[PDB]
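Asker: sequence plus experimental coordinates follow:
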Amino acid sequence: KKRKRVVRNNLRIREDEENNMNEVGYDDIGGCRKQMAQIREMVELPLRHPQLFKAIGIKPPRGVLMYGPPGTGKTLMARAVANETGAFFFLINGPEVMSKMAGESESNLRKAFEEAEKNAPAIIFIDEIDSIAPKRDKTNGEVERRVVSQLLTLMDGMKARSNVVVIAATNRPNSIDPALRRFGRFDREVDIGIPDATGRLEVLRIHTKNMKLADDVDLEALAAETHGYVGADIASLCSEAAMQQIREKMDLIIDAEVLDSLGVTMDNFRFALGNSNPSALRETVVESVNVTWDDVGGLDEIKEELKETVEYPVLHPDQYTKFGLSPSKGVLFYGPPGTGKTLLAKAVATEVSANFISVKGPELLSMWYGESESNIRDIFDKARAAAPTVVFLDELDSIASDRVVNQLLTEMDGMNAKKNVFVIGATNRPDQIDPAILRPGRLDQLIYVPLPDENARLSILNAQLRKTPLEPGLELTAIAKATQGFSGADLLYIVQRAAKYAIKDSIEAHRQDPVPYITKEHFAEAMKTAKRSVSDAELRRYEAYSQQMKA
Amino acid sequence: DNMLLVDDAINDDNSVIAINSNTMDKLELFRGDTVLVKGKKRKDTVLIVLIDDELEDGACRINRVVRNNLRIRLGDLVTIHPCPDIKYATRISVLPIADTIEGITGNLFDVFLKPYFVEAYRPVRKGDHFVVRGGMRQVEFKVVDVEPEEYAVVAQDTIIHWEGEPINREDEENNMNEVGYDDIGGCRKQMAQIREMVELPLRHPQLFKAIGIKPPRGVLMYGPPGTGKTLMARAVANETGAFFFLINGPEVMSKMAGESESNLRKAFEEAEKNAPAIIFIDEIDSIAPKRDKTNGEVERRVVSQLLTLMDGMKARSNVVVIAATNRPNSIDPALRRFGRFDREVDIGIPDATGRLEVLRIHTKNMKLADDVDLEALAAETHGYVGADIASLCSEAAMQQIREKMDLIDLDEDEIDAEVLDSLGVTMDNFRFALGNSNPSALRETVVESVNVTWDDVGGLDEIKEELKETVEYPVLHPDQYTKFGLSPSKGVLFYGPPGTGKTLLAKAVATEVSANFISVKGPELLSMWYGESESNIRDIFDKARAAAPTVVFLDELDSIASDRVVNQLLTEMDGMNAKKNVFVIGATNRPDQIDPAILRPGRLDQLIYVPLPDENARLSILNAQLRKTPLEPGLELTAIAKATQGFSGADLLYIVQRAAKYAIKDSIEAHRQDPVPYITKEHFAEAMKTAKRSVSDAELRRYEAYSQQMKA
Ligand SMILES: Nc1ncnc2c1ncn2[C@@H]1O[C@H](COP(=O)(O)OP(=O)(O)OP(=O)(O)O)[C@@H](O)[C@H]1O
Ligand SMILES: Nc1ncnc2c1ncn2[C@@H]1O[C@H](COP(=O)(O)OP(=O)(O)OP(=O)(O)O)[C@@H](O)[C@H]1O
Ligand SMILES: Nc1ncnc2c1ncn2[C@@H]1O[C@H](COP(=O)(O)OP(=O)(O)O)[C@@H](O)[C@H]1O
Ligand SMILES: Nc1ncnc2c1ncn2[C@@H]1O[C@H](COP(=O)(O)OP(=O)(O)O)[C@@H](O)[C@H]1O
């Protein structure tokens, strides 16, 4: 393996060894099984077995291009695949080549390409290819027009029939000159999103393989609580926890006995999480959700309609092809705020096992005003790249000009119907929605979301209270019955208020477990201190609009 | 207990230390061998030990000169070790000090060679100062160099060299190459954090290897300009004792292209050679500014070279990089990612104790007059960073010079020393200098500590308890919330009549949890909206995160209800993680223009009405103001409180101020024509006759209706 206890170490199955951080195989990467498989398919076969392509008679693809949030291990993934396949790895940095003189950058590039070619089982991993080749309409300088031209000439002049694979990494997909996306160049696109719970647990296990972890570790709990953390953030969290442990042990301070007492505890991880701050949520990213249909309460007919709309076309594409009906993709939820529309969207995305994409109203406004990292083009491009995907547009009424609406219409119409990309819009103000978006071939289907009934309210209360202690024998049927006209947000507020009262009483009792659960009287006080958040006028308006649509 | 207590010595011998036999017994030292005494700031010396039965056990006898050389004072603890590697000196180079040879010429080296080194075998070390008597003078020389290393003893056959020129004495003191922790004050927390982030990687690298982790390398301290960042960096570097290397942003950026890369590469390589080492930078923003505004290629290549050097740093090497920047967000964001500058430290304006400590440090050499009340200056000086305090001291000294100048004649080239002896800075000089100061830190959002308690709050007990339950518990008792799973709320918004004590409530809340208050007025938000202001709300929240726990205060939040700033605030507040100890308190007199999105869950959801003070509240407020102005004995404030229905705190304070003004005017008239240094009944009578209300009843009814609507 890798072209290689003492024998096992020799065959890999004083600083010069550890500092030489190589041989990082597939073991040291987690949460990217799909992308790992894609990269392996596009790399190993062209290099290990070029004979197969000759047998089938077709040129193997070469141009690969990865993009995702910064610090997600793109460089680490490329290094790992290069080491696993056993080929020579050449690394290039965009700013570095841009750093050198006007003519020096072109030299560097051509010399690197030729050196790879002469020694060319290898991967020429560019990095931050956007910097060297930014958008043409933005920068049109002499050096900008020269270095990009040289790179394009080198790419077009690829000798072919060789074992050279070029990989480029850019944080944003549509942040490069489009000239690189044509045939014979970077075409095989790969998207890396924030890892899910399993990926985060894998990363935690990978990193915490040398640290003297204490006896009490519940890494599953850490994975569950940590959301929106990229691998770099997890590494930083582990480092912060170790630093906190060192600080805690420092009060008593070296004798080896104390060194023997070093141990990272759950308190350290909690403190590190407190000190950590993810930098990935601020950008639109693709992830996987696991919301079950049984998770929500009621809305059985809505579930049936959404199933008919999404599941059958994707579960049984052959039936639709034979019947000739193209899959529907325009779904728009409307109804009172806080009715769990996002939860329904997440359930729908989980049904087809697609990657859910979320774009909120503040993001829409930021794009509208021009101050925003990403534009709708990038959102839809990523949606296509990570197909299948379900895009969610929250508060379409918040774009109340029409530039963003026009861009959205163009993007929605341009994408091919066959591609499994669905768009789900949510808005509590259907009147304000531009009529142009309701046209056929667009967000045409309308789904009203009625308020939960007593059964739905009881189910919501039961689900929300599963993870918190409750007084044995408590009957929530009365609570649900006495909560007519409410919504999910109101029930959540009631639960939070009851928990707050319980916390206050517990703290006072401890100062003076006396009460490790919430009593019926606490819920009674919470409900008496809270009331409905939606007036009858709004419900009447919703009903009138529903009648108008029906008629 | 090998440490021994520093003791004053009557004898003037510069190489003899007299100790009791029990002192040797503790360390089992043998008579006839020198000992190494090490003090502080990497200062050490070698002394010949003698036995003095008179001295009690543990009592030493070292002249004042050796202690001065070691930079130590009486009563300190110094570590004493034997000298197993005693060696003699073969070639010692020593040069004189010109100011020490004033009044007598000639070469005293030959005079001192034989009598002073007649088989004496005095131990010698680099940098020592030794005093020898020649003629009528006692001249002190310095040990320029000694061979073989490291310290050795002055043997008779040792060759002494004197080919050179004298050097100044104060030049070494002003070199700034020796500054310990004693030369800093008011930054205990930040200094402790820097020590924890620096000492452990260098002093004890084995800890990280034992626990299996890569120690951090990137420490970035940012704060208002002229706050002492460079001084703190130099102090920590010298205290650690490791090799040091500095890079100035202005210097590197001032050289033509290409030379900068060579300088950076040479600096990094040389520092790596002398591991352990510390690399420091200044105005890193200057060399790596915000790429969004500067598109020049030179800065791009410089920043790329710096990034390459940082990333290529070898895994195991005792090198720590420190950077300084006034604006935390000004630097190119690429430097903030993992594996680079990540350990962020924020330095705020010092509080009263910090200002007192700084003033004490600076006023360590001036001829302070007998009447100085540095406590009063510390209390009065608010918003002064250390540099402003140094400028204040300089200006006060200059004013004293102005006052004393008339006696002397500046035309002559010589000034009599008797007048010089009379120089002395009086409290009036400091008062004038403070009058002619120009603080600037307070003009921009800077984290500062507050010391306001519930006592200053005149009533609103129920609001006090509600706010306590909302804030204090999640800050001091997160365990209960974790057990129940309820997340802590952060968004609290006060609404009510102006001047009802909202800022004071926010300050009290911030003080209770012992957090760093941050203030952001509405005009600042407007200027940020127009872009004229330097700092952006992103910077405010980044500073709040770095200085956590903190309480941010947004006054006149309705002034932006503009939409870009509101959207940015919503985005940043959403990005904030709940578990972090960051809280936001909004204030506004018009709780109707605020966008509904501000009131959404996970945002400024908690609403608190602030009512006008009650009669008991009015009495408490009046008592609170009347603490430094003397009052007529027997004066009754109940009549004023009861006749001041509907008044606000600001109105009561204004009434007190105008009454004090009337009393002062009466005193001025009486003196011109201070038997009455206090206020009497007539002044309060006039003030109440001139009383009014800041809020009309219609506005009160509107607020009441709005509060009832919110409650329903
Ligand atoms: N499976 C993983 N996914 C993400 N990060 C990982 C993973 N395994 C380890 N890491 C850690 O996360 C970081 C990923 O590598 P690195 O810091 O080079 O990020 P990157 O996104 O590839 O970098 P860049 O985009 O600048 O080339 C490293 O700290 C690596 O140790
Ligand atoms: N404890 C202290 N805290 C702050 N300033 C101090 C302190 N002691 C002395 N000073 C004064 O502060 C100044 C030293 O800090 P300096 O001017 O280098 O700060 P800076 O603005 O961070 O520097 P830089 O030019 O490196 O950005 C001198 O005026 C010194 O007299
Ligand atoms: N079956 C359900 N119906 C309505 N709301 C639910 C249901 N299940 C959970 N919820 C709650 O609904 C909330 C979603 O709130 P919100 O985003 O305001 O709704 P929307 O996105 O539809 O406007 C979640 O916090 C969740 O706890
Ligand atoms: N409980 C209180 N209510 C109102 N004012 C008070 C109270 N305690 C003290 N004050 C005084 O009232 C004034 C309030 O000023 P400020 O905090 O700016 O008010 P606001 O935030 O309402 O504008 C200050 O002089 C303050 O010392």
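Answerer: Done, it's in. Residues are numbered from 1 along each chain as shown, chains lettered A, B, ... in the order given. Ligands and ions are numbered 1, 2, ... in the order given.

Asker: can you give me the buried ones in the longest helix along chain A?
Answerer: For chain A, the helix that runs over the most residues, judged by DSSP state H, is helix A:488-511. Judged by neighbour count (16 or more other C-beta atoms under 10 Å in any protein chain shown), helix A:488-511 contains these buried residues: A:488-491, A:493-503, A:506-507. C-beta here means a position set from N, CA and C on the backbone, and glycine is covered the same way.

Asker: so how far is that helix off the chain centroid?
Answerer: 33 Å (C-alpha atoms, centre = their mean, to the nearest Å).

Asker: helices or strands up against that helix?
Answerer: If you count contacts as 3 or more C-beta pairs under 8 Å, 6 or more residues apart in numbering or on different chains; DSSP states H and E, helix A:488-511 packs onto helix A:454-464, helix A:520-528, helix B:461-476, helix B:478-484.

Asker: any chance of the ones you listed in a markdown table, with distance to ligand 1 too?
Answerer: What follows is the helices and strands packed on helix A:488-511, written out as a markdown table (distance: least, C-beta to the nearest ligand atom, whole Å):
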| stretch | distance to ligand 1 |
| --- | --- |
| helix A:454-464 | 32 |
| helix A:520-528 | 43 |
| helix B:461-476 | 31 |
| helix B:478-484 | 28 |
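
Asker: got these as JSON lines, with distance to residue A:539 columns?
Answerer: Formatted as JSON lines, the entries for these read as follows, by distance: least, C-beta to C-beta, whole Å:
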{"stretch": "helix A:454-464", "distance to residue A:539": "15"}
{"stretch": "helix A:520-528", "distance to residue A:539": "20"}
{"stretch": "helix B:461-476", "distance to residue A:539": "32"}
{"stretch": "helix B:478-484", "distance to residue A:539": "33"}
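
Asker: go through the ones you listed and name the closest to ligand 4.
Answerer: Nearest of the helices and strands packed on helix A:488-511 to ligand 4, taken as C-beta to the nearest ligand atom: helix B:461-476 at 9.5 Å.

Asker: mind listing residues that contact that closest one?
Answerer: Contacting residues not belonging to helix B:461-476 are listed as A:500, A:503-504, A:507, B:454, B:457, B:480-481, B:488-489, B:492, B:505, B:509, B:512-513, B:515, B:549, B:581, B:583, B:606, B:608, B:610 [C-beta atoms under 8 Å, 6 or more residues apart in numbering or on different chains].

Asker: what's the span of stretch A:204-213 from first residue to last?
Answerer: Stretch A:204-213 stretches 12 Å from its first residue to its last (C-alpha to C-alpha, to the nearest Å).

Asker: run the chain-centre distance for that stretch.
Answerer: Mean-position distance between stretch A:204-213 and its chain equals 24 Å (C-alpha atoms, centre = their mean).

Asker: quick check: buried residues in that stretch?
Answerer: Applying a neighbour-count criterion of 16+ other C-beta under 10 Å, one finds A:204, A:206, A:207, A:208, A:211, A:212, A:213 buried in stretch A:204-213.

Asker: ok, now stretch A:252-259?
Answerer: Of the residues in stretch A:252-259, none is buried under the neighbour-count criterion (16+ other C-beta under 10 Å).

Asker: give me the distance from that stretch to the chain's centre.
Answerer: Taking C-alpha atoms, centre = their mean, one finds the center of stretch A:252-259 at 44 Å from the center of the full chain.

Asker: cool, stretch A:124-144 as well?
Answerer: So, by C-alpha atoms, centre = their mean, the centroid of stretch A:124-144 is 26 Å from its chain's centroid.

Asker: can you mark which positions in it are buried?
Answerer: Counting neighbours by 16+ other C-beta under 10 Å, one finds that the buried residues in stretch A:124-144 are A:124-134, A:143-144.

Asker: what's the answer for stretch A:145-156, then?
Answerer: Neighbour-count burial for stretch A:145-156 flags A:147, A:148, A:150, A:151, A:152, A:154, A:155 (criterion: 16+ other C-beta under 10 Å).

Asker: one more: stretch A:353-363?
Answerer: Neighbour count says stretch A:353-363 has A:354, A:355, A:356, A:357, A:358, A:359, A:360, A:361, A:362, A:363 buried, by 16+ other C-beta under 10 Å.

Asker: among the buried residues of stretch A:145-156, which ones lie close to ligand 3?
Answerer: Filtering those for neighbours of ligand 3 using C-beta under 6 Å from any ligand atom leaves an empty set.

Asker: closest to ligand 2 out of the residues you listed?
Answerer: The closest of the buried residues of stretch A:145-156, once distances to ligand 2 are taken by C-beta to the nearest ligand atom, is residue A:147, at 35.9 Å.

Asker: grab the two from the buried residues of stretch A:353-363 that are most spread out in space.
Answerer: A:354 and A:362 (24.3 Å; C-beta to C-beta).

Asker: can you tell me the residue of the stretch 151-300 of chain A closest to chain B?
Answerer: Of all residues in the stretch 151-300 of chain A, residue A:210 sits closest to chain B, at 3.5 Å by C-beta to the nearest C-beta.

Asker: next, count neighbours for residue A:231.
Answerer: Neighbourhood size, residue A:231 [other C-beta atoms under 10 Å in any protein chain shown]: 27.

Asker: that one and ligand 2, how far apart?
Answerer: Per C-beta to the nearest ligand atom, to the nearest Å, residue A:231 is found 35 Å from ligand 2.

Asker: residue A:536 too?
Answerer: The spacing between residue A:536 and ligand 2, counted by C-beta to the nearest ligand atom, is 62 Å.

Asker: also residue A:418?
Answerer: Using C-beta to the nearest ligand atom, one gets 61 Å for the distance from residue A:418 to ligand 2.

Asker: and if you look at residue A:37?
Answerer: Remark: distance between residue A:37 and ligand 2 (C-beta to the nearest ligand atom) = 52 Å.

Asker: with residue A:524 instead?
Answerer: As defined by C-beta to the nearest ligand atom, residue A:524 lies at a distance of 57 Å from ligand 2.

Asker: ok, now residue A:224?
Answerer: Using C-beta to the nearest ligand atom, we find residue A:224 at a distance of 44 Å from ligand 2.

Asker: what about that residue, how many neighbours?
Answerer: The local packing of residue A:224 (other C-beta under 10 Å) involves 12 other residues.

Asker: equivalent analysis for residue A:36, please.
Answerer: Every residue meeting other C-beta under 10 Å relative to residue A:36 is counted, giving 17.
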